[PDB]
>>> print(open('input01.txt').read())   # compact mmCIF, C-alpha atoms and all ligand atoms
# COMPACT_ATOMS: atom_id res chain seq x y z
CA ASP A 2265 11.25 108.38 29.75
CA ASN A 2266 9.43 107.78 33.08
CA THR A 2267 9.97 104.50 35.02
CA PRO A 2268 6.85 102.76 36.34
CA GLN A 2269 6.04 103.62 39.94
CA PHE A 2270 4.12 101.44 42.37
CA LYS A 2271 1.05 102.84 44.03
CA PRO A 2272 0.54 104.35 46.45
CA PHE A 2273 3.49 106.52 45.53
CA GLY A 2274 6.54 105.74 47.73
CA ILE A 2275 5.27 102.37 48.95
CA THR A 2276 8.22 100.35 50.33
CA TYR A 2277 6.62 96.89 50.14
CA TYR A 2278 3.15 95.32 49.98
CA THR A 2279 1.59 93.01 52.53
CA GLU A 2280 -1.70 91.17 52.96
CA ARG A 2281 -3.04 88.41 55.21
CA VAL A 2282 -4.15 85.18 53.55
CA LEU A 2283 -6.12 82.39 55.23
CA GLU A 2284 -4.51 79.02 54.82
CA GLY A 2285 -6.59 76.84 52.51
CA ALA A 2286 -7.59 79.69 50.18
CA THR A 2287 -8.74 77.86 47.06
CA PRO A 2288 -6.88 78.17 43.74
CA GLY A 2289 -7.98 81.30 41.86
CA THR A 2290 -8.66 83.25 45.07
CA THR A 2291 -7.41 86.82 44.93
CA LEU A 2292 -4.57 87.17 47.40
CA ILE A 2293 -3.44 90.75 46.73
CA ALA A 2294 -3.79 93.33 44.00
CA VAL A 2295 -1.01 95.78 43.26
CA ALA A 2296 -0.66 98.47 40.63
CA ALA A 2297 1.99 100.62 39.07
CA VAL A 2298 1.61 103.66 36.83
CA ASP A 2299 3.66 105.07 34.01
CA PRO A 2300 2.64 108.49 32.67
CA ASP A 2301 4.14 107.92 29.14
CA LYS A 2302 2.32 107.26 25.84
CA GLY A 2303 1.81 103.89 24.08
CA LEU A 2304 4.44 101.14 24.48
CA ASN A 2305 6.50 103.56 26.62
CA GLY A 2306 3.65 103.65 29.19
CA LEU A 2307 2.18 100.14 28.70
CA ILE A 2308 2.91 98.16 31.88
CA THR A 2309 3.60 94.41 31.98
CA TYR A 2310 3.61 92.66 35.38
CA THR A 2311 5.68 89.61 36.17
CA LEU A 2312 6.50 87.80 39.45
CA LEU A 2313 10.05 86.90 40.57
CA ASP A 2314 11.78 85.03 43.35
CA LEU A 2315 8.77 83.13 44.69
CA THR A 2316 9.81 82.09 48.19
CA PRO A 2317 8.56 79.39 48.56
CA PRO A 2318 7.43 78.62 44.99
CA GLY A 2319 4.16 77.23 43.70
CA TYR A 2320 1.51 79.15 45.63
CA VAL A 2321 0.90 82.40 43.72
CA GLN A 2322 0.57 83.70 40.19
CA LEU A 2323 -0.61 86.81 38.37
CA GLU A 2324 -4.10 86.32 36.90
CA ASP A 2325 -2.74 88.02 33.75
CA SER A 2326 0.39 90.01 32.84
CA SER A 2327 -1.73 93.14 32.06
CA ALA A 2328 -2.58 93.73 35.74
CA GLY A 2329 -1.20 93.24 39.25
CA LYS A 2330 -3.88 90.87 40.52
CA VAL A 2331 -2.21 87.94 42.32
CA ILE A 2332 -4.24 84.77 42.83
CA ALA A 2333 -3.71 81.45 44.56
CA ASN A 2334 -2.02 78.64 42.61
CA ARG A 2335 -1.45 75.70 44.96
CA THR A 2336 -3.33 75.98 48.24
CA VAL A 2337 -1.11 76.96 51.16
CA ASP A 2338 -0.94 75.15 54.49
CA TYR A 2339 -0.06 77.20 57.60
CA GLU A 2340 1.36 74.03 59.12
CA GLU A 2341 4.01 74.10 56.28
CA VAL A 2342 4.32 77.79 55.33
CA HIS A 2343 3.96 81.01 57.36
CA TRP A 2344 4.92 83.55 54.65
CA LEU A 2345 4.56 83.64 50.86
CA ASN A 2346 7.14 86.19 49.70
CA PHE A 2347 7.86 87.32 46.16
CA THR A 2348 8.76 90.26 43.98
CA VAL A 2349 6.50 92.05 41.53
CA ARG A 2350 8.22 93.57 38.47
CA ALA A 2351 6.33 96.28 36.59
CA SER A 2352 8.00 96.98 33.21
CA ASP A 2353 7.00 99.42 30.49
CA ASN A 2354 7.32 98.15 26.95
CA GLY A 2355 9.67 100.90 25.72
CA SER A 2356 12.70 100.47 23.54
CA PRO A 2357 15.10 99.90 26.31
CA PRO A 2358 12.34 99.02 28.78
CA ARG A 2359 12.21 100.69 32.19
CA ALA A 2360 10.98 98.72 35.13
CA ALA A 2361 10.55 98.78 38.87
CA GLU A 2362 10.44 95.95 41.38
CA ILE A 2363 8.97 95.66 44.83
CA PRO A 2364 8.64 92.99 47.51
CA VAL A 2365 5.40 91.39 48.57
CA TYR A 2366 4.94 89.64 51.92
CA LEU A 2367 1.79 87.53 52.29
CA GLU A 2368 1.15 86.66 55.94
CA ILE A 2369 -0.44 83.23 56.18
CA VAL A 2370 -3.17 82.97 58.85
CA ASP A 2371 -3.74 79.75 60.79
CA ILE A 2372 -7.22 78.21 60.73
CA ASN A 2373 -8.41 75.47 63.05
CA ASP A 2374 -8.06 72.61 60.56
CA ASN A 2375 -6.37 70.00 62.78
CA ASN A 2376 -8.10 67.91 65.46
CA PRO A 2377 -6.41 66.93 68.70
CA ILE A 2378 -5.15 63.39 68.13
CA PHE A 2379 -4.45 60.99 71.01
CA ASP A 2380 -0.90 59.59 71.28
CA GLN A 2381 -2.27 55.98 71.76
CA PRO A 2382 -5.22 54.14 70.16
CA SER A 2383 -6.39 53.23 73.67
CA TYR A 2384 -5.21 53.30 77.29
CA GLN A 2385 -5.36 50.71 80.03
CA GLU A 2386 -4.24 50.28 83.63
CA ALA A 2387 -4.97 47.85 86.43
CA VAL A 2388 -5.35 49.06 89.99
CA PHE A 2389 -6.15 47.36 93.27
CA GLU A 2390 -9.63 48.00 94.63
CA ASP A 2391 -8.11 49.57 97.77
CA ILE A 2392 -6.32 52.30 95.74
CA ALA A 2393 -6.44 55.62 97.62
CA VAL A 2394 -8.89 58.36 96.58
CA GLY A 2395 -6.96 61.01 94.67
CA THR A 2396 -4.39 58.62 93.20
CA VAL A 2397 -3.47 59.31 89.59
CA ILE A 2398 -3.91 56.14 87.57
CA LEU A 2399 -2.68 57.21 84.13
CA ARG A 2400 -2.20 60.23 81.90
CA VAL A 2401 -3.75 60.57 78.45
CA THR A 2402 -2.14 62.91 75.93
CA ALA A 2403 -3.36 64.30 72.61
CA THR A 2404 -1.47 66.69 70.29
CA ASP A 2405 -2.76 69.41 68.00
CA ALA A 2406 -0.88 70.63 64.90
CA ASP A 2407 -2.42 74.15 64.78
CA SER A 2408 -1.13 77.23 66.61
CA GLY A 2409 -2.24 79.43 69.48
CA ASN A 2410 -5.77 78.83 70.82
CA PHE A 2411 -6.52 76.41 68.00
CA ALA A 2412 -3.90 74.00 69.45
CA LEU A 2413 -4.81 74.35 73.14
CA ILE A 2414 -6.43 71.15 74.39
CA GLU A 2415 -9.12 70.70 77.09
CA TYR A 2416 -9.50 67.10 78.40
CA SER A 2417 -12.75 65.71 79.75
CA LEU A 2418 -14.42 62.36 80.56
CA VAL A 2419 -17.78 61.70 79.03
CA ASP A 2420 -18.88 59.89 82.23
CA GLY A 2421 -16.52 59.12 85.09
CA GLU A 2422 -19.44 57.42 86.94
CA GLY A 2423 -18.46 59.44 90.02
CA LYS A 2424 -15.48 57.08 90.36
CA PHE A 2425 -12.87 58.82 88.16
CA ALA A 2426 -11.98 62.35 87.18
CA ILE A 2427 -9.63 63.88 84.66
CA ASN A 2428 -7.56 67.01 84.96
CA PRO A 2429 -8.54 69.19 81.99
CA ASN A 2430 -4.95 70.45 81.54
CA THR A 2431 -2.73 67.42 82.17
CA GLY A 2432 -5.00 64.57 81.16
CA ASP A 2433 -4.29 62.83 84.50
CA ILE A 2434 -7.11 60.42 85.33
CA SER A 2435 -7.54 60.00 89.09
CA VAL A 2436 -9.64 58.04 91.56
CA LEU A 2437 -12.56 60.27 92.60
CA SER A 2438 -14.20 57.86 95.06
CA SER A 2439 -13.36 54.44 96.46
CA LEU A 2440 -13.48 51.38 94.24
CA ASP A 2441 -14.94 47.95 95.01
CA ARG A 2442 -14.14 45.05 92.73
CA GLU A 2443 -17.16 43.21 94.03
CA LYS A 2444 -19.51 46.06 92.84
CA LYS A 2445 -17.77 46.65 89.51
CA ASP A 2446 -14.59 44.96 88.37
CA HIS A 2447 -13.55 47.19 85.47
CA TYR A 2448 -14.48 50.40 83.64
CA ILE A 2449 -14.31 51.42 79.99
CA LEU A 2450 -14.29 55.23 79.99
CA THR A 2451 -14.36 57.70 77.09
CA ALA A 2452 -11.79 60.49 77.35
CA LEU A 2453 -12.29 63.53 75.07
CA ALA A 2454 -9.73 66.07 73.82
CA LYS A 2455 -11.29 69.30 72.51
CA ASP A 2456 -9.28 72.18 71.08
CA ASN A 2457 -9.90 75.95 70.84
CA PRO A 2458 -11.20 76.56 74.38
CA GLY A 2459 -13.77 79.28 74.93
CA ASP A 2460 -14.83 79.51 71.25
CA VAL A 2461 -18.26 78.42 69.97
CA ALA A 2462 -18.86 74.67 69.62
CA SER A 2463 -18.79 74.86 65.80
CA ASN A 2464 -15.10 76.06 65.66
CA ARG A 2465 -13.89 73.43 68.20
CA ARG A 2466 -12.50 70.09 67.04
CA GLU A 2467 -12.24 66.93 69.08
CA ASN A 2468 -11.41 63.27 69.27
CA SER A 2469 -12.09 60.61 71.86
CA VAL A 2470 -10.29 57.55 73.12
CA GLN A 2471 -11.28 54.58 75.34
CA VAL A 2472 -9.60 54.09 78.72
CA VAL A 2473 -9.86 50.72 80.49
CA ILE A 2474 -9.34 50.51 84.24
CA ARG A 2475 -9.32 46.94 85.53
CA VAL A 2476 -9.87 46.58 89.26
CA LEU A 2477 -7.75 43.93 90.96
CA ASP A 2478 -9.00 41.92 93.95
CA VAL A 2479 -8.03 42.45 97.57
CA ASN A 2480 -9.22 39.86 100.05
CA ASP A 2481 -11.71 42.19 101.79
CA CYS A 2482 -14.72 39.87 102.14
CA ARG A 2483 -15.00 37.30 104.91
CA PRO A 2484 -16.77 33.96 104.36
CA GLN A 2485 -20.46 33.96 105.39
CA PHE A 2486 -23.04 31.40 106.21
CA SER A 2487 -26.72 32.12 105.44
CA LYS A 2488 -27.80 32.07 109.09
CA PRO A 2489 -26.21 31.84 112.53
CA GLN A 2490 -27.82 28.52 113.66
CA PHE A 2491 -28.47 25.30 111.78
CA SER A 2492 -30.10 22.28 113.42
CA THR A 2493 -30.19 18.62 112.43
CA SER A 2494 -30.79 15.14 113.83
CA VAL A 2495 -28.89 11.92 113.65
CA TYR A 2496 -30.30 8.49 114.56
CA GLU A 2497 -28.75 6.79 117.61
CA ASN A 2498 -26.32 3.88 116.92
CA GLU A 2499 -25.45 4.76 113.32
CA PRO A 2500 -21.91 3.83 112.19
CA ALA A 2501 -18.99 6.25 111.96
CA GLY A 2502 -19.06 7.98 108.58
CA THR A 2503 -22.81 8.66 108.65
CA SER A 2504 -23.71 11.87 106.76
CA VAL A 2505 -25.18 14.61 108.96
CA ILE A 2506 -25.46 17.77 106.87
CA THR A 2507 -23.59 19.65 104.14
CA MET A 2508 -22.43 23.10 105.19
CA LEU A 2509 -22.02 25.87 102.61
CA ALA A 2510 -20.46 29.30 103.02
CA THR A 2511 -20.06 32.07 100.41
CA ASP A 2512 -17.26 34.56 99.83
CA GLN A 2513 -17.53 37.48 97.42
CA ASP A 2514 -13.80 37.77 96.56
CA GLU A 2515 -11.98 36.31 93.56
CA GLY A 2516 -9.81 33.20 93.09
CA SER A 2517 -7.92 31.98 96.16
CA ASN A 2518 -9.47 34.91 98.13
CA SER A 2519 -12.84 33.12 97.91
CA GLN A 2520 -11.63 29.50 97.95
CA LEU A 2521 -13.04 28.06 101.19
CA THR A 2522 -11.99 25.33 103.53
CA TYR A 2523 -14.25 24.02 106.34
CA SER A 2524 -13.33 22.98 109.85
CA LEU A 2525 -15.10 22.26 113.14
CA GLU A 2526 -14.45 23.84 116.55
CA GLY A 2527 -15.64 23.48 120.13
CA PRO A 2528 -16.95 20.75 122.50
CA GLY A 2529 -18.21 18.35 119.85
CA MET A 2530 -15.49 18.46 117.29
CA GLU A 2531 -14.13 14.98 118.36
CA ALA A 2532 -17.45 13.18 117.58
CA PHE A 2533 -17.77 14.61 114.03
CA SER A 2534 -15.69 15.44 110.96
CA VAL A 2535 -16.14 17.90 108.14
CA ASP A 2536 -14.64 17.35 104.69
CA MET A 2537 -12.45 20.40 104.30
CA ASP A 2538 -13.49 20.99 100.64
CA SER A 2539 -17.04 19.67 100.29
CA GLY A 2540 -18.47 20.85 103.61
CA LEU A 2541 -19.96 17.43 104.31
CA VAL A 2542 -20.25 16.76 108.05
CA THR A 2543 -20.08 13.09 109.15
CA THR A 2544 -20.10 11.30 112.50
CA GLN A 2545 -16.80 9.87 113.86
CA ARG A 2546 -18.66 7.31 116.02
CA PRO A 2547 -22.09 6.03 116.96
CA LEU A 2548 -24.06 8.46 119.09
CA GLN A 2549 -26.32 7.59 122.00
CA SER A 2550 -29.75 9.15 122.39
CA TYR A 2551 -28.88 11.43 125.33
CA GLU A 2552 -26.14 13.23 123.31
CA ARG A 2553 -26.53 16.84 122.10
CA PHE A 2554 -23.91 18.95 120.37
CA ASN A 2555 -23.66 22.62 119.46
CA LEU A 2556 -20.77 22.60 117.02
CA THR A 2557 -19.02 25.60 115.57
CA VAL A 2558 -18.51 25.30 111.80
CA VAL A 2559 -15.77 27.52 110.38
CA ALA A 2560 -15.21 28.50 106.72
CA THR A 2561 -11.78 30.01 106.00
CA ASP A 2562 -10.75 31.60 102.71
CA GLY A 2563 -7.40 31.34 100.93
CA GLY A 2564 -6.34 34.94 101.45
CA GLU A 2565 -3.14 36.07 103.15
CA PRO A 2566 -3.85 36.26 105.97
CA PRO A 2567 -7.03 34.30 105.62
CA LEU A 2568 -10.48 35.51 106.72
CA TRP A 2569 -12.99 33.28 108.53
CA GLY A 2570 -16.73 33.12 109.15
CA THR A 2571 -18.67 30.76 111.42
CA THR A 2572 -22.07 29.35 112.13
CA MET A 2573 -23.44 27.04 114.80
CA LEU A 2574 -24.76 23.53 114.13
CA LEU A 2575 -27.05 21.89 116.69
CA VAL A 2576 -27.05 18.08 116.45
CA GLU A 2577 -29.62 16.06 118.39
CA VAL A 2578 -29.71 12.29 118.49
CA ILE A 2579 -33.09 10.65 117.91
CA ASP A 2580 -34.41 7.26 118.99
CA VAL A 2581 -34.82 4.95 115.97
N1 LIG B 2601 -17.88 49.24 102.15
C1 LIG B 2601 -16.57 48.62 102.02
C2 LIG B 2601 -16.69 47.12 101.67
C3 LIG B 2601 -17.34 46.90 100.31
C4 LIG B 2601 -17.18 45.46 99.86
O1 LIG B 2601 -16.09 45.02 99.50
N2 LIG B 2601 -18.30 44.74 99.83
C5 LIG B 2601 -18.37 43.42 99.24
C6 LIG B 2601 -18.62 42.39 100.35
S1 LIG B 2601 -17.21 42.40 101.47
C7 LIG B 2601 -19.42 43.35 98.18
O2 LIG B 2601 -19.97 42.28 97.96
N3 LIG B 2601 -19.65 44.46 97.48
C8 LIG B 2601 -20.58 44.53 96.36
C9 LIG B 2601 -21.73 45.48 96.63
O3 LIG B 2601 -21.74 46.20 97.65
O4 LIG B 2601 -22.63 45.52 95.75
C10 LIG B 2601 -15.79 49.34 100.95
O5 LIG B 2601 -16.37 50.26 100.33
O6 LIG B 2601 -14.61 48.96 100.72
CA CA B 2602 7.87 104.65 30.71
CA CA B 2603 -3.42 73.35 57.63
CA CA B 2604 -6.81 72.34 66.30
CA CA B 2605 -4.01 75.24 60.96
CA CA B 2606 -14.37 45.05 97.88
CA CA B 2607 -12.45 36.38 101.05
CA CA B 2608 -12.32 41.78 97.09
CL CL B 2609 -3.10 50.14 92.89
CL CL B 2610 -5.16 72.42 87.09
CL CL B 2611 -11.55 43.00 84.53
>>> encode(input="input01.txt", output="structure tokens")
Amino acid sequence: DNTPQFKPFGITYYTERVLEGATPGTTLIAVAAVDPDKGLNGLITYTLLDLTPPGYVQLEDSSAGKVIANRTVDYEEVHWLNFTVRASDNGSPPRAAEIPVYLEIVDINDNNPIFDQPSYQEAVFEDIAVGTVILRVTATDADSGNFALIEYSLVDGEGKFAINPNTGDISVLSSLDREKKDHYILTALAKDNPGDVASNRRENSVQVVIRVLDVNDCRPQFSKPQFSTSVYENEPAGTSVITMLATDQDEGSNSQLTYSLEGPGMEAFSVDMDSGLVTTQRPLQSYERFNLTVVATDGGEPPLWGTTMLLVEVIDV
């Protein structure tokens, strides 16, 4: 006439830690009760009750208190597997005892940081100030504690960009120049579990495009400061003299050039504003000598100019 008692004697409840992902059949906890009596009166049958939540645990067999994994548990869904163990003798009116079990699920680092976008992109002007934040990348991590802390890095900022390891803010580290490099495709990395060994850290990367927009910061240039040419005396107006060509490193209208003439010979010559072709406006006589100023002006606002000099001598036929 003794009721089964759980061991150790007077135990209020059982508890054990269980790693999430424990495979089915894995022993989660083993409990035991005793009944001093003889035969069926002292033969103990174990059952489980009130599985909260259900589906994750079962007794290996009803003859013992070994509890094994059924479905695998996910810490991201379940923090506690609670249930009751009933230990019943097999007597005529049976006597039984019941006790709670609390299995404490333990997080493992089974989720990677995952970026909130498939890629990132911004456009910035080439004169953007050093230190300016361009964009923020964000990843999220479904684990807990250190396993969900994220450290951002750039695989290679090229000395032009830097990322804040906490915020994911990508900033200008040194001055840009569209003319040197007009866009960047950077790899940003999110790595969890800071401070642990490389093998227990998970990561993902994403590509970040920064397109560098033009400012009109390059003036038109000629190849040298002095050109020289000759025109025959007594040639008609419209006679070709020379074609002038300047360069400009900017983009679009910022490097679209128009030519003009300046100074004491402008009236005797003309330059086609688009082609750079210089022609005479009249016949020249052999004594005449001109040092013209040729100007190339870009289409920026305000425009930039560059000049060169053009010596024109008139030769006898
Ligand atoms: N040093 C200045 C000007 C740089 C710049 O814009 N240079 C132009 C010409 S105006 C260029 O062609 N840069 C290309 C290079 O240096 O390779 C800056 O850093 O802003
Ligand atoms: Ca008994
Ligand atoms: Ca999990
Ligand atoms: Ca993680
Ligand atoms: Ca986890
Ligand atoms: Ca530039
Ligand atoms: Ca320009
Ligand atoms: Ca430019
Ligand atoms: Cl900008
Ligand atoms: Cl910081
Ligand atoms: Cl680009």
>>> closest_residue(input="input01.txt", among="A:2471, A:2561, A:2485, A:2550", to="residue 2520 (chain A)", atoms="all atoms listed in the file")
A:2561
>>> residues_around(input="input01.txt", residues="region 2319-2321 of chain A", least_positions_apart="4", cutoff="10 Å", atoms="all atoms listed in the file", output="ChimeraX atom specification")
/A:2288-2293,2312,2315,2331-2337,2345-2347
>>> residues_near_ligand(input="input01.txt", ligand="ligand CA 2602 (chain B)", cutoff="7 Å", atoms="all atoms listed in the file", output="PyMOL selection string")
chain A and resi 2265-2268+2299-2301+2305-2306+2353+2355+2359
>>> atom_distance(input="input01.txt", atom1="CA of residue 2449 (chain A)", atom2="CA of residue 2472 (chain A)")
5.6 Å
>>> residues_around(input="input01.txt", residues="residue 2437 (chain A)", least_positions_apart="4", cutoff="10 Å", atoms="all atoms listed in the file", output="list in words")
residues 2393, 2394, 2395, 2396, 2397, 2421, 2422, 2423, 2424, 2425, 2426 and 2427 of chain A
>>> residues_around(input="input01.txt", residues="region 2456-2460 of chain A", least_positions_apart="2", cutoff="9 Å", atoms="only C-alpha atoms", output="list in words")
residues 2373, 2376, 2377, 2405, 2409, 2410, 2411, 2412, 2413, 2414, 2415, 2416, 2454, 2462, 2463, 2464, 2465, 2466 and 2467 of chain A
>>> residues_around(input="input01.txt", residues="residue 2513 (chain A)", least_positions_apart="6", cutoff="12 Å", atoms="all atoms listed in the file", output="list in words")
residues 2441, 2442, 2443, 2444, 2478, 2479, 2480, 2481, 2482, 2483, 2484, 2485, 2519, 2520, 2521, 2562 and 2568 of chain A
>>> write_last_selection(input="input01.txt", atoms="C-alpha atoms", output="CSV table (one decimal), in the coordinates of the input")
chain,number,residue,atom,x,y,z
A,2441,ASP,CA,-14.9,48.0,95.0
A,2442,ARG,CA,-14.1,45.0,92.7
A,2443,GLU,CA,-17.2,43.2,94.0
A,2444,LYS,CA,-19.5,46.1,92.8
A,2478,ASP,CA,-9.0,41.9,94.0
A,2479,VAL,CA,-8.0,42.4,97.6
A,2480,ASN,CA,-9.2,39.9,100.0
A,2481,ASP,CA,-11.7,42.2,101.8
A,2482,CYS,CA,-14.7,39.9,102.1
A,2483,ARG,CA,-15.0,37.3,104.9
A,2484,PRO,CA,-16.8,34.0,104.4
A,2485,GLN,CA,-20.5,34.0,105.4
A,2519,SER,CA,-12.8,33.1,97.9
A,2520,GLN,CA,-11.6,29.5,98.0
A,2521,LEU,CA,-13.0,28.1,101.2
A,2562,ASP,CA,-10.8,31.6,102.7
A,2568,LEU,CA,-10.5,35.5,106.7
